[PDB]
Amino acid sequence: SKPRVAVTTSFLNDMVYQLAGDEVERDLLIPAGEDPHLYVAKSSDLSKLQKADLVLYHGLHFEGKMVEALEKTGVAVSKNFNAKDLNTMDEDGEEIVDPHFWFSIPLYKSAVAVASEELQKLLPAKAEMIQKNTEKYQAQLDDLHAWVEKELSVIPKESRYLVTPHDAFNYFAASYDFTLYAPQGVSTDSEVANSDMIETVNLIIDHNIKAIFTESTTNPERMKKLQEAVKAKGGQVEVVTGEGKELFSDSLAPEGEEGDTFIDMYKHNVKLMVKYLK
């Protein structure tokens, strides 16, 4: 009986709950901990999309391998974004868009709005209720932005350099006067160029960076092979991977862990950076 809303990533899974609460029935396609860049829609998945009353996804080719299915049946929460909002890099000609918009709280608040207006119009009777829920979460995102700022303000200008497995924090860095390096491009669907590894090594050396970060969606070996190369130039920069020491880029944490919800996933990321960068 409850409306069925298919949802690509754990990100959206959280958002909708935050907004619609228990009023709708959520169909998460990509399990937390998996990588949407590579996810390939299986029969069951396409089925979920088909059976869905509403389908919500990021867009910007984030899902990477379901554009020709989501664009057909679903609504990208990034439909309202404008050109200047976008981050754009280069890759074999073109002007490739950076999908990791959610670390730009403003952009995420935008997404939240689209999601709200789609759950409203899906539940006419719960529209005001949802709008009320939306406002409360918008404000929580507001408070969050202030939290991150105050939290980051403890990291020295010279230490404002983030190193991650791939380019997924451009929107983040842009929001808080940060510089991001990554041995990989915007998508994770490509071989780790050994020339970008070195590029990164030299960047670490240039800026005397003593901490490179690890993420839950990719193999941390890459960052340990990156650490080894640095030391090969002596060279010595810690790898933040340990246990529970992972940044979330392309996914939240499994319900329910510390990176459970979006705002918590955010705080987790932030605290982690300050600890090894401050």
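Each residue number is its position in the shown sequence, starting from 1.
- Mean C-alpha B-factor is higher over 84-92 than over the other stretch, the pair under comparison being 84-92 and 99-107.
- Relative to one another, 205-213 and 39-47 have unequal mean CA B-factors, and 39-47 is the one with the higher figure.
- Taking only the listed residues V163, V192, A127, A76, the entry reports the highest CA temperature factor at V192.
- When the C-alpha B factors of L119, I155, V112, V186 are read from the deposited coordinates, the top value falls at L119.
- Split the chain's modelled residues into thirds by C-alpha temperature factor. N219 is in the highest one.
- Among the modelled residues of its chain, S251 has a C-alpha B-factor that falls in the lowest third according to the deposited record.
- When the modelled residues of the chain are ordered by C-alpha B-factor, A52 sits in the middle third.
- In this PDB entry, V5 carries a Cα temperature factor that places it within the highest third of its chain's modelled residues.
- Annotation for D143: CA B-factor lies in the highest third of the chain's modelled residues.
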